Amino acid sequence: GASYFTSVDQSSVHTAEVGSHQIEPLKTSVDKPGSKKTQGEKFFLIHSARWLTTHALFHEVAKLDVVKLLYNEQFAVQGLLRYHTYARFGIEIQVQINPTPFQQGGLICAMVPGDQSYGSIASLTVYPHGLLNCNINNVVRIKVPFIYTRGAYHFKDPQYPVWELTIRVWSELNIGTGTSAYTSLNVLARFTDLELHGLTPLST
Amino acid sequence: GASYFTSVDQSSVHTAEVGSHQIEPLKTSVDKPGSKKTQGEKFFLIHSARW
Amino acid sequence: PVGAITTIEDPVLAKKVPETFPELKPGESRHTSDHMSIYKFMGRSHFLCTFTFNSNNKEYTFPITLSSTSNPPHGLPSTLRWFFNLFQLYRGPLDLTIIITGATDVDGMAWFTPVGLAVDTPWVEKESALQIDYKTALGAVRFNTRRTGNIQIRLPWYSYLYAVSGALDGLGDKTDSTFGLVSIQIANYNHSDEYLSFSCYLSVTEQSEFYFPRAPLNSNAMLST
Amino acid sequence: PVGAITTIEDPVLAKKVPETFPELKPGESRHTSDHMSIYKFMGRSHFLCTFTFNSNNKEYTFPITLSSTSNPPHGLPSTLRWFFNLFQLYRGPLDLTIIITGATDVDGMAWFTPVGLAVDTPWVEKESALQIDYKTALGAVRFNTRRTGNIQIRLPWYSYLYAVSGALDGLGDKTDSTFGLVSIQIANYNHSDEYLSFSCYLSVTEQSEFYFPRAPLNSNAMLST
Amino acid sequence: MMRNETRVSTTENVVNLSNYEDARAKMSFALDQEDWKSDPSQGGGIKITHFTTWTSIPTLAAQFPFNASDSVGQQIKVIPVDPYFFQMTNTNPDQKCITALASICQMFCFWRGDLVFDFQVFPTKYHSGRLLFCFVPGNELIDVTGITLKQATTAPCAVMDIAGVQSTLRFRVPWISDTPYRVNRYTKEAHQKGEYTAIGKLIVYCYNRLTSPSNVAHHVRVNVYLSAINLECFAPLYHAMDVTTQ
Amino acid sequence: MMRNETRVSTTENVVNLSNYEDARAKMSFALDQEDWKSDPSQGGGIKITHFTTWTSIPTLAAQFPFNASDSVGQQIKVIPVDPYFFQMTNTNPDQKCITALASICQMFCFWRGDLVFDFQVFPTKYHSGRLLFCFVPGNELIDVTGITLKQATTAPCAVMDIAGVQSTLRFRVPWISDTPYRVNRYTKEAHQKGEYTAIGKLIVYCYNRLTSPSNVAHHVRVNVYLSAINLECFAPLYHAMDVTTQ
Amino acid sequence: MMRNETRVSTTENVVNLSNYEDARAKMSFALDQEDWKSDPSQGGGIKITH
């Protein structure tokens with residue numbers, strides 16, 4: 001007797017079993033056997049847009065509900081969230097781009113909890129941020145624990161987004177006549193210390 | 001560096017992090033946190049007919 | 001001078017202590033306490049709201065909401081507003097202090113009503129619609145203008161949430177953005193008398209906590225009554 | 001999971017600690033005191049009754065009766081009612097606190113009268129019919145609306161019984177269902193003045209005891225003024 | 001020279017009854033200001049001091065019948081998971097039979113802990129059947145009718161063989177919520193997304209159709225007791241929870 | 001015989017909220033007058049307690065362009081030296097983007113310490129140029145336009161090679177004043193000789209003209225972050241510092 | 001700096017004679033607030049107390 005789903009039986013009897021767990025002398029697969037971490041605490045490509053010469057300063061290149069985005073069949077983690085009601089966790093975001101050295105400018109990526117409200121765009125550095133500069137780096141990583149008003153996030157029917165990742169133009173992207181006037185961008189996200197609670201058959 | 005999905009970056013930089021894992025002084029849920037066993041090695045009702 | 005040059009894009013290098021020119025130790029300040037210690041600062045109970053009674057045997061119920069949305073007077077004003085937006089999560093009791101202005105010999109009562117419970121319609125002066133029994137039950141306080149003219153009682157951290165916040169959107173901004181509500185009901189106020197005004201101020205307590213720093217409200221957001 | 005199955009009809013087996021699914025220790029609460037400790041709970045003096053004087057030099061005498069029968073206002077209301085029916089026997093002093101509303105410069109007196117003794121007719125405002133000597137003798141207290149506006153004095157466990165109860169029938173429900181009576185007599189109240197109202201609230205003391213748990217009053221019984 | 005000056009602080013002669021520290025009397029009627037000892041004489045020594053005393057005594061919350069006519073996977077009864085629940089009632093004398101657990105928590109704004117649903121079967125040693133009890137984590141208002149008995153197995157649940165020497169199954173619903181405590185919203189006019197009273201709903205499915213001969217009832221009744229363990233309530237309030245007409 | 005006499009001091013029932021010693025409540029609503037422990041559960045352990053937290057985080061105060069068209073010794077940008085500075089602003093949503101450092105000190109009457117101007121260059125590994133940052137000690141209102149790049153070298157300053165593997169120059173302006181602290185005069189109607197808010201002005205000269213090929217921008221933008229170290233503020237006040245339109 | 005603040009509790013200037021703790025005088029007419037010894041002189045030592 002253990003685990004969930006208990007069974008109470010009056011006219012009981014013993015269990016019949018044969019053989020035991022056989023450990024492969026020659027494994028049929030070398031990858032770590034699926035585990036909470038294997039399928040849940042791994043990276044996934046959330047969103048991906050473009051950044052042009054047209055994009056003026058402070059232009060929001062992307063406003064994402066990191067969490068909500070992950071909750072989608074497209075990603076394996078869904079398989080763990082799709083069957084649990086609540087869940088608390090931490091997040092690690094990784095945003096990367098590929099500007100040609102002939103390009104110049106910069107972007108700022110900040111993990112703002114809940115909503116940007118009316119916070120001064122100029123102080124987005126206060127939040128867990130990552131500054132991108134063409135002449136310097138083309139990638140940034142951010143990791144944050146659980147920050148919410150509630151003790152967990154409700155997937156099936158959320159109250160308010162846990163994280164709203166924002167990406168604005170920190171310094172207009174200008175170039176010399178001839179150079180590509182753009183640069184695609186991608187956003188990677190993953191759960192950390194994924195704590196799942198309450199198994200449910202629901203879906204919405 | 002670990003887990004699946006590896007990333008090779010030329011113009012690399014360090015990772016920015018804030019705070020650390022906070023263990024609930026008063027848990028918001030008493031059930032074992034989801035694990036391979038929690039959601040996979042449990043019982044389910046397959047089929048059901050009459051005799 | 002090594003801290004005069006660095007790559008701010010790198011989270012590590014950006015923490016390098018800056019130093020450009022040769023300086024000497026600033027020294028000692030002439031005043032005892034540090035005015036930048038949130039606890040000591042907000043320790044100075046700041047302004048919250050104010051209202052005026054018109055008819056007799058009526059009541060006013062104002063909520064304590066961090067909502068950056070709710071613009072005053074029907075919302076957080078001045079300092080209080082500014083402060084409760086410098087961070088994401090708040091929790092802990094709050095030492096409220098309300099000042100009475102005008103009238104006299106007016107008997108009054110006040111009770112704190114936790115978030116998510118029955119309570120007279122917010123920001124509105126009307127005849128209470130609650131069982132005297134219900135009111136009292138939540139813990140109340142009676143007083144008389146003549147004898148006093150001011151009340152300083154602490155407000156409890158009684159909420160089903162782990163914390164509350166101001167910066168939010170519609171939904172959550174309607175539930176997880178409130179500490180609780182206060183309700184003041186007057187009695188024996190023949191308007192043939194002077195007007196009755198109330199001033200409410202809030203001060204942070206030692207048992208109050210503040211989590212995760214946000215980007216302060218842009219000047220255009222900072223309003224005042 | 002053994003406590004997931006048992007025979008409730010058996011008094012012993014029914015005490016088997018229930019357990020169905022695997023759980024972890026809840027942890028620690030964030031608030032100091034336990035709100036479920038009767039003493040601390042009822043420690044919050046709850047509402048009892050209220051009345052209003054009409055003519056001068058008159059008096060009101062309200063009894064403190066647990067009787068579930070006596071419906072308010074002429075009886076135990078709200079919380080107080082509910083509480084004093086969760087158990088069968090009660091005994092011990094009670095910290096009464098009465099609030100005055102309205103009038104001013106009105107001299108007043110109040111005395112506790114033990115069960116089974118002479119006392120002005122209950123729940124009725126009339127001209128007292130007791131020797132000032134008699135009144136005082138039982139231990140009294142004088143006060144003036146102007147100077148105060150509220151009184152907090154303890155009520156003694158002075159009764160010829162071992163305990164009192166609310167849930168009773170006719171007879172006993174008319175003798176063993178009372179703690180005692182309170183009487184407030186005003187003086188110098190020219191009605192040309194404002195009205196005079198009194199609010200009485202009761203709080204349980206540490207010297208108060210509660211014996212044998214009863215089945216709480218069904219919702220339909222819980223009334224409120 | 002007498003010199004004992006003290007400034008008159010704010011809240012002059014203000015009264016507060018939110019707690020005992022201020023509710024306690026400032027003087028006494030008792031002669032010589034005496035006190036009282038303890039006395040369990042006619043109290044059998046049963047001195048009460050905590051409300052736990054009630055919130056731990058399984059009281060009858062509801063009764064539901066299990067007819068043979070009920071087919072496999074058919075929902076027999078649905079109950080929200082919050083102490084404030086109870087549906088028992090008697091015609092005359094007219095009364096809404098509230099439960100112990102309920103009558104207590106009804107006086108609080110918040111609560112938390114493991115609610116316990118005790119199911120008592122009233123069959124005859126000749127019937128035979130099984131009922132699956134499934135707890136769906138959530139809030140007191142989630143359409144659940146669209147859940148196959150199969151789908152139900154995903155969530156935590158327990159089946160029970162009615163026909164037996166035993167008669168009661170104890171269902172301990174673990175505290176599962178996105179919030180530390182739930183609120184007694186049953187006082188508010190309407191409902192609000194987030195302000196919930198229950199941590200989910202409980203379901204009673206028909207695992208195995210009820211079989212039996214012919215000289216025995218064509219069904220079997222079941223009493224549902226409710227109590228709580230590891231219970232915690234705070235934030236006093238007044239309200240006589242009405243009946244939850246399922 | 002009871003004999004406890006105390007004289008009623010002055011300021012009877014007077015209220016004061018200038019500090020906590022008098023602002024703290026004299027009673028409580030909390031039942032049994034309980035209290036609360038700490039709880040970083042959903043706070044990631046990031047418990048704030050000091051405003052330093054903000055006044056140390058470099059926030060974007062202003063942006064200025066360095067065009068090749070700018071000749072040697074030409075003043076590119078002038079900025080007063082006081083935390084209350086910031087000129088960043090976004091059209092719609094309409095907002096005057098104040099800085100962390102600013103938004104904090106804006107609530108004080110006085111301040112002192114070393115302000116830190118961080119300059120971030122957004123060039124391409126193909127440009128090449130130098131900008132001289134010069135701090136002229138004084139007050140927020142001193143005609144500085146009449147200062148040759150040469151003259152500027154007399155005062156403390158620093159030059160920077162834009163084209164490089166690095167991207168940020170940190171300018172730590174030492175606290176230099178005839179007074180122990182400066183005042184937030186930005187609240188007063190006008191200005192008064194002596195009542196100053198800044199300890200001087202900062203200048204951005206064009207040390208070496210910006211060179212480059214032709215397949216790269218004809219200029220290079222520069223973000224100017226502002227923060228402070230060894231900062232000290234006192235004398236609480238309210239005022240939402242407006243934008244310093246340079 | 002003198003800082004001795006005390007809040008005015010309920011029952012302001014209220015009188016209670018139910019017991020001695022509150023019935024006892026708060027001041028005295030006796031000069032120098034003196035007191036008195038015992039004296040069974042003309043009492044034959046028969047001092048009553050109960």
# chains A, B, ... in the order shown; residues from 1 in each chain; ligands from 1
$ closest_atom_pairs --of "chain C" --to "chain B" --cutoff "9 Å" --atoms "only C-alpha atoms" --output "CSV"
residue,atom,partner,partner_atom,distance
C:9,CA,B:13,CA,8.2
C:10,CA,B:13,CA,6.0
C:11,CA,B:16,CA,5.5
C:12,CA,B:14,CA,6.9
$ closest_atom_pairs --of "chain C" --to "chain D" --cutoff "6 Å" --atoms "only C-alpha atoms" --output "Markdown table"
| residue | atom | partner | partner_atom | distance |
| --- | --- | --- | --- | --- |
| C:107 | CA | D:101 | CA | 5.9 |
| C:133 | CA | D:78 | CA | 5.7 |
| C:188 | CA | D:102 | CA | 5.6 |
$ select_by_dssp --residues "chain A" --states "strand (DSSP E)" --output "PyMOL selection string"
chain A and resi 6-8+44-50+60-64+84-97+103-113+129-133+139-144+153-154+163-175+184-199
$ closest_residue --among "A:193, A:115, A:157, A:164" --to "chain C" --atoms "only C-alpha atoms"
A:115
$ calpha_fit_and_write --fixed "chain C" --moving "chain D" --output "mmCIF file with C-alpha atoms, in the first residue's frame"
data_model
loop_
_atom_site.group_PDB
_atom_site.id
_atom_site.type_symbol
_atom_site.label_atom_id
_atom_site.label_comp_id
_atom_site.auth_asym_id
_atom_site.auth_seq_id
_atom_site.Cartn_x
_atom_site.Cartn_y
_atom_site.Cartn_z
ATOM 1 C CA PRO D 1 41.713 53.116 -11.690
ATOM 2 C CA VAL D 2 40.440 49.718 -12.941
ATOM 3 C CA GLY D 3 36.769 50.206 -12.091
ATOM 4 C CA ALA D 4 36.689 53.115 -14.554
ATOM 5 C CA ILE D 5 36.229 50.710 -17.464
ATOM 6 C CA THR D 6 33.972 47.648 -17.767
ATOM 7 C CA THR D 7 31.407 45.796 -19.880
ATOM 8 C CA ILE D 8 28.023 46.519 -18.313
ATOM 9 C CA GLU D 9 26.338 43.886 -20.537
ATOM 10 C CA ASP D 10 28.092 41.229 -18.457
ATOM 11 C CA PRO D 11 26.222 40.792 -15.113
ATOM 12 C CA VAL D 12 29.473 39.970 -13.322
ATOM 13 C CA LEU D 13 31.762 42.736 -14.615
ATOM 14 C CA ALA D 14 28.984 45.281 -13.959
ATOM 15 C CA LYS D 15 29.319 44.645 -10.223
ATOM 16 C CA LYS D 16 32.960 45.798 -10.267
ATOM 17 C CA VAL D 17 33.225 48.636 -7.754
ATOM 18 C CA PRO D 18 33.451 51.876 -9.782
ATOM 19 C CA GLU D 19 36.381 54.228 -9.169
ATOM 20 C CA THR D 20 37.629 57.013 -11.410
ATOM 21 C CA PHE D 21 39.449 59.625 -9.360
ATOM 22 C CA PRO D 22 41.268 59.528 -5.964
ATOM 23 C CA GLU D 23 38.895 60.185 -3.044
ATOM 24 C CA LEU D 24 39.094 60.153 0.774
ATOM 25 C CA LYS D 25 36.703 58.477 3.220
ATOM 26 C CA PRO D 26 33.487 60.579 3.524
ATOM 27 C CA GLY D 27 33.492 60.252 7.305
ATOM 28 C CA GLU D 28 30.658 60.259 9.849
ATOM 29 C CA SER D 29 27.171 61.745 9.519
ATOM 30 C CA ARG D 30 25.938 64.163 12.173
ATOM 31 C CA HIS D 31 22.488 62.616 12.604
ATOM 32 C CA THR D 32 21.834 59.420 14.599
ATOM 33 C CA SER D 33 19.492 57.334 12.445
ATOM 34 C CA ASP D 34 19.742 56.518 8.729
ATOM 35 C CA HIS D 35 16.798 58.127 6.920
ATOM 36 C CA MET D 36 17.063 55.578 4.121
ATOM 37 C CA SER D 37 16.007 52.553 6.168
ATOM 38 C CA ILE D 38 12.582 51.819 4.724
ATOM 39 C CA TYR D 39 11.351 50.784 8.172
ATOM 40 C CA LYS D 40 12.441 54.071 9.742
ATOM 41 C CA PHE D 41 11.382 56.102 6.711
ATOM 42 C CA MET D 42 7.844 54.857 6.156
ATOM 43 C CA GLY D 43 7.881 54.680 9.933
ATOM 44 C CA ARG D 44 6.633 58.221 9.441
ATOM 45 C CA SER D 45 2.954 57.425 8.893
ATOM 46 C CA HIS D 46 2.144 59.030 5.516
ATOM 47 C CA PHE D 47 -1.127 60.326 4.083
ATOM 48 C CA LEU D 48 -3.684 57.873 2.720
ATOM 49 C CA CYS D 49 -7.126 59.403 2.208
ATOM 50 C CA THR D 50 -9.821 61.663 3.611
ATOM 51 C CA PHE D 51 -13.613 61.968 3.531
ATOM 52 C CA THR D 52 -16.526 63.945 4.970
ATOM 53 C CA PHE D 53 -19.849 62.847 6.476
ATOM 54 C CA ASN D 54 -22.979 64.694 5.387
ATOM 55 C CA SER D 55 -25.996 62.999 6.964
ATOM 56 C CA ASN D 56 -26.433 61.296 10.339
ATOM 57 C CA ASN D 57 -26.209 57.568 11.086
ATOM 58 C CA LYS D 58 -24.254 56.827 7.912
ATOM 59 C CA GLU D 59 -20.990 55.061 7.121
ATOM 60 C CA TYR D 60 -17.962 55.147 4.844
ATOM 61 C CA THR D 61 -15.877 52.167 3.783
ATOM 62 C CA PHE D 62 -12.519 52.765 2.132
ATOM 63 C CA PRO D 63 -10.284 49.906 0.958
ATOM 64 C CA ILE D 64 -6.534 49.699 1.339
ATOM 65 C CA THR D 65 -5.455 48.882 -2.203
ATOM 66 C CA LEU D 66 -1.966 48.975 -3.649
ATOM 67 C CA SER D 67 -3.417 49.074 -7.163
ATOM 68 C CA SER D 68 -1.340 51.529 -9.172
ATOM 69 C CA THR D 69 -4.419 51.626 -11.383
ATOM 70 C CA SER D 70 -6.854 53.047 -8.837
ATOM 71 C CA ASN D 71 -6.163 56.775 -9.054
ATOM 72 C CA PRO D 72 -6.843 58.920 -5.970
ATOM 73 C CA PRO D 73 -8.854 60.061 -4.175
ATOM 74 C CA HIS D 74 -10.305 56.623 -4.913
ATOM 75 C CA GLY D 75 -6.867 55.058 -4.574
ATOM 76 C CA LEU D 76 -3.339 55.207 -3.193
ATOM 77 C CA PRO D 77 -2.089 58.818 -3.155
ATOM 78 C CA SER D 78 1.198 60.661 -2.686
ATOM 79 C CA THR D 79 3.989 58.834 -0.881
ATOM 80 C CA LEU D 80 2.024 55.690 -0.040
ATOM 81 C CA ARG D 81 1.354 55.242 -3.752
ATOM 82 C CA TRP D 82 4.973 55.796 -4.760
ATOM 83 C CA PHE D 83 6.301 53.445 -2.085
ATOM 84 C CA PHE D 84 4.009 50.470 -2.695
ATOM 85 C CA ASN D 85 5.254 50.235 -6.265
ATOM 86 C CA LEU D 86 8.979 50.068 -5.570
ATOM 87 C CA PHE D 87 8.538 46.354 -4.949
ATOM 88 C CA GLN D 88 6.367 43.470 -6.120
ATOM 89 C CA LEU D 89 5.156 41.765 -2.955
ATOM 90 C CA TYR D 90 3.958 43.114 0.389
ATOM 91 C CA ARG D 91 2.695 41.454 3.554
ATOM 92 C CA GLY D 92 2.539 42.267 7.249
ATOM 93 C CA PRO D 93 0.469 44.430 9.628
ATOM 94 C CA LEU D 94 0.157 48.198 9.209
ATOM 95 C CA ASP D 95 -0.182 50.821 11.928
ATOM 96 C CA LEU D 96 -3.060 52.977 10.734
ATOM 97 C CA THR D 97 -3.782 56.277 12.439
ATOM 98 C CA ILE D 98 -6.902 58.299 11.665
ATOM 99 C CA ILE D 99 -7.477 61.928 12.601
ATOM 100 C CA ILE D 100 -10.914 63.424 13.218
ATOM 101 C CA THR D 101 -11.732 66.985 12.150
ATOM 102 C CA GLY D 102 -14.632 69.280 12.980
ATOM 103 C CA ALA D 103 -17.720 67.922 14.744
ATOM 104 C CA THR D 104 -17.940 67.029 18.412
ATOM 105 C CA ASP D 105 -19.821 64.668 20.732
ATOM 106 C CA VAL D 106 -20.224 62.347 17.753
ATOM 107 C CA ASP D 107 -20.102 58.668 18.692
ATOM 108 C CA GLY D 108 -18.232 56.530 16.175
ATOM 109 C CA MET D 109 -17.167 52.987 15.356
ATOM 110 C CA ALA D 110 -14.619 51.368 13.056
ATOM 111 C CA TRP D 111 -13.696 47.830 12.028
ATOM 112 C CA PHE D 112 -11.163 46.143 9.750
ATOM 113 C CA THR D 113 -12.684 43.871 7.109
ATOM 114 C CA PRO D 114 -10.382 41.257 5.463
ATOM 115 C CA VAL D 115 -10.191 40.846 1.692
ATOM 116 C CA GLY D 116 -12.852 38.604 0.169
ATOM 117 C CA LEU D 117 -15.600 39.129 2.734
ATOM 118 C CA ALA D 118 -18.880 40.999 3.035
ATOM 119 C CA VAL D 119 -18.460 44.746 3.501
ATOM 120 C CA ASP D 120 -20.312 47.948 2.644
ATOM 121 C CA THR D 121 -19.753 49.328 -0.847
ATOM 122 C CA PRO D 122 -16.264 50.970 -1.164
ATOM 123 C CA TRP D 123 -15.476 54.683 -1.459
ATOM 124 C CA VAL D 124 -19.129 55.477 -0.713
ATOM 125 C CA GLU D 125 -21.039 57.197 2.064
ATOM 126 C CA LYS D 126 -24.338 55.427 2.655
ATOM 127 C CA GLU D 127 -26.429 53.836 5.373
ATOM 128 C CA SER D 128 -24.603 50.684 6.465
ATOM 129 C CA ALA D 129 -26.171 47.423 5.328
ATOM 130 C CA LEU D 130 -24.501 45.116 7.830
ATOM 131 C CA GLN D 131 -25.696 43.323 10.951
ATOM 132 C CA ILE D 132 -24.322 45.203 13.972
ATOM 133 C CA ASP D 133 -23.466 41.665 15.028
ATOM 134 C CA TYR D 134 -21.392 41.085 11.901
ATOM 135 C CA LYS D 135 -19.592 44.427 12.199
ATOM 136 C CA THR D 136 -18.484 43.955 15.795
ATOM 137 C CA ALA D 137 -17.530 40.299 15.241
ATOM 138 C CA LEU D 138 -14.646 41.271 12.927
ATOM 139 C CA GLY D 139 -13.196 43.207 15.838
ATOM 140 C CA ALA D 140 -14.298 46.825 16.150
ATOM 141 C CA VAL D 141 -13.581 50.020 18.081
ATOM 142 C CA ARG D 142 -15.878 52.721 19.455
ATOM 143 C CA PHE D 143 -14.877 56.312 20.178
ATOM 144 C CA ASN D 144 -16.205 59.839 20.617
ATOM 145 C CA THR D 145 -15.006 63.026 18.917
ATOM 146 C CA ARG D 146 -15.215 65.063 22.131
ATOM 147 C CA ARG D 147 -13.049 62.754 24.257
ATOM 148 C CA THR D 148 -10.382 62.115 21.592
ATOM 149 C CA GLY D 149 -10.104 63.264 17.980
ATOM 150 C CA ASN D 150 -7.661 60.664 16.697
ATOM 151 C CA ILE D 151 -7.216 56.882 16.598
ATOM 152 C CA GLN D 152 -4.089 54.740 16.253
ATOM 153 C CA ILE D 153 -4.805 51.031 15.885
ATOM 154 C CA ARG D 154 -2.859 48.349 14.024
ATOM 155 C CA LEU D 155 -4.215 46.563 10.943
ATOM 156 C CA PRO D 156 -3.730 42.736 10.765
ATOM 157 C CA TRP D 157 -2.191 40.588 8.034
ATOM 158 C CA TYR D 158 -5.422 38.641 7.608
ATOM 159 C CA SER D 159 -5.660 37.507 3.992
ATOM 160 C CA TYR D 160 -5.836 34.197 2.136
ATOM 161 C CA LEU D 161 -2.873 35.298 0.017
ATOM 162 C CA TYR D 162 0.872 35.089 0.644
ATOM 163 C CA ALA D 163 1.257 38.728 -0.314
ATOM 164 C CA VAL D 164 -0.388 41.611 -2.148
ATOM 165 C CA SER D 165 0.815 43.945 -4.896
ATOM 166 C CA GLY D 166 0.006 47.167 -6.703
ATOM 167 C CA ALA D 167 1.458 46.641 -10.161
ATOM 168 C CA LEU D 168 -1.020 44.201 -11.689
ATOM 169 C CA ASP D 169 -3.572 43.825 -14.469
ATOM 170 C CA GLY D 170 -7.366 43.807 -14.433
ATOM 171 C CA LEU D 171 -8.156 40.443 -12.830
ATOM 172 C CA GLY D 172 -5.485 39.892 -10.203
ATOM 173 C CA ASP D 173 -5.397 43.663 -9.831
ATOM 174 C CA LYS D 174 -8.895 43.219 -8.399
ATOM 175 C CA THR D 175 -8.136 40.554 -5.797
ATOM 176 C CA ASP D 176 -4.441 40.253 -4.973
ATOM 177 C CA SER D 177 -4.031 44.030 -4.758
ATOM 178 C CA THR D 178 -5.686 44.617 -1.396
ATOM 179 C CA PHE D 179 -4.638 44.499 2.251
ATOM 180 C CA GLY D 180 -8.159 44.890 3.539
ATOM 181 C CA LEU D 181 -10.836 47.478 4.220
ATOM 182 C CA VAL D 182 -11.657 49.955 6.927
ATOM 183 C CA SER D 183 -15.127 51.156 7.841
ATOM 184 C CA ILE D 184 -16.116 54.140 9.973
ATOM 185 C CA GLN D 185 -19.738 54.571 11.023
ATOM 186 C CA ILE D 186 -20.881 57.719 12.822
ATOM 187 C CA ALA D 187 -23.804 58.176 15.203
ATOM 188 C CA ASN D 188 -25.521 61.198 16.727
ATOM 189 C CA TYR D 189 -24.446 63.813 14.191
ATOM 190 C CA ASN D 190 -27.267 66.332 13.846
ATOM 191 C CA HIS D 191 -25.963 68.158 10.759
ATOM 192 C CA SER D 192 -27.211 71.312 12.468
ATOM 193 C CA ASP D 193 -23.667 70.962 13.816
ATOM 194 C CA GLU D 194 -20.351 71.540 12.056
ATOM 195 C CA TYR D 195 -19.062 69.241 9.305
ATOM 196 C CA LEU D 196 -17.287 65.982 10.112
ATOM 197 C CA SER D 197 -14.030 65.141 8.333
ATOM 198 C CA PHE D 198 -11.684 62.162 8.652
ATOM 199 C CA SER D 199 -8.012 61.869 7.732
ATOM 200 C CA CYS D 200 -6.324 58.483 7.414
ATOM 201 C CA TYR D 201 -2.578 57.886 7.478
ATOM 202 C CA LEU D 202 -0.598 54.654 7.232
ATOM 203 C CA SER D 203 2.731 53.675 8.735
ATOM 204 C CA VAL D 204 4.723 50.513 8.077
ATOM 205 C CA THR D 205 5.452 48.140 10.963
ATOM 206 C CA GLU D 206 8.506 46.108 11.926
ATOM 207 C CA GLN D 207 6.483 42.997 11.128
ATOM 208 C CA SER D 208 5.964 44.316 7.603
ATOM 209 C CA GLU D 209 8.038 42.869 4.785
ATOM 210 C CA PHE D 210 8.900 43.922 1.246
ATOM 211 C CA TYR D 211 9.908 41.554 -1.536
ATOM 212 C CA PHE D 212 11.495 42.009 -4.972
ATOM 213 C CA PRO D 213 12.306 45.555 -6.195
ATOM 214 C CA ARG D 214 10.401 46.959 -9.164
ATOM 215 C CA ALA D 215 11.163 49.923 -11.390
ATOM 216 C CA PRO D 216 9.685 52.984 -9.631
ATOM 217 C CA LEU D 217 6.584 54.581 -11.138
ATOM 218 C CA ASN D 218 7.421 57.070 -13.878
ATOM 219 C CA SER D 219 6.767 60.635 -12.730
ATOM 220 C CA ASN D 220 3.573 60.836 -14.820
ATOM 221 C CA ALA D 221 2.119 58.061 -12.651
ATOM 222 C CA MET D 222 2.874 59.650 -9.286
ATOM 223 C CA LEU D 223 -0.358 61.464 -8.473
ATOM 224 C CA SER D 224 -1.477 63.414 -5.431
ATOM 225 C CA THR D 225 -4.764 64.527 -3.874
#
$ interface_residues --of "chain G" --to "chain E" --cutoff "12 Å" --atoms "only C-alpha atoms" --output "PyMOL selection string"
chain G and resi 2-24
$ select_by_dssp --residues "chain A" --states "helix (DSSP H, G or I)" --output "PyMOL selection string"
chain A and resi 36-40+66-70+78-81+121-126
$ closest_residue --among "B:40, B:1, B:25, B:34" --to "chain A" --atoms "only C-alpha atoms"
B:34
$ atom_distance --atom1 "CA of residue 144 (chain E)" --atom2 "CA of residue 186 (chain E)"
20.6 Å
$ residues_around --residues "residue 115 (chain F)" --least-positions-apart "4" --cutoff "8 Å" --atoms "only C-alpha atoms" --output "list in words"
residues 81, 82, 83, 172, 173, 174, 175, 226, 227, 228, 229 and 231 of chain F
$ interface_residues --of "chain B" --to "chain F" --cutoff "9 Å" --atoms "only C-alpha atoms" --output "list in words"
residues 18, 19, 20, 21, 22, 23, 24, 25, 26 and 27 of chain B
